[PDB]
C-alpha cells in the first residue's frame, strides 16, 4: 500500500497495544511529526477503512499485527547475524516497509535455521572472526 501509511498503522497498533489507545499527541510524538500532519493521515486511514479515540478496523489490526511481526523478525535477523545492537533499530526502521513478503518469509526461515542448531551460530561467528 504505502510505506508512510504502514508506518502509521504500525505505530498506532503499538500504541493501542502499549496503552490501550492511540492519542494524536502520542502518535505525533512517536513519529516525530507535527500533530496536524497526523490529523491528515488519520483522516486518510479512515477513508481507506483502516480505522474509525481512534480505533483500528479488523483490516487495520491485521496489518498492524503483521507490521509488528515483521519489525520484530528483522531485529532478530540482524541480531542473529551479529549486527551491533545499537544499530539494529534504525536499520530495521528503514528497510522493513521495502521488503516483499517473499523476502520476509525467507528471512524467517533463515532465523529458524540458526535457531535449531547453535553450532550454526558458532560457525557463522567464526567466519566473522576470519
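Residue numbers count along the first chain shown, from 1.
- The modelled chain breaks after residue 52 and resumes at residue 53, leaving 4 to 9 residues of the deposited sequence without coordinates.
- Look at the C-alpha B-factors of 32 to 40 and of 67 to 75. On average they run higher in 32 to 40.
- Of the two stretches examined, 43 to 51 and 56 to 64, the record assigns the greater average C-alpha temperature factor to 43 to 51.
- Per the PDB entry, 117 shows the highest C-alpha temperature factor of the residues 109, 117, 10, 18.
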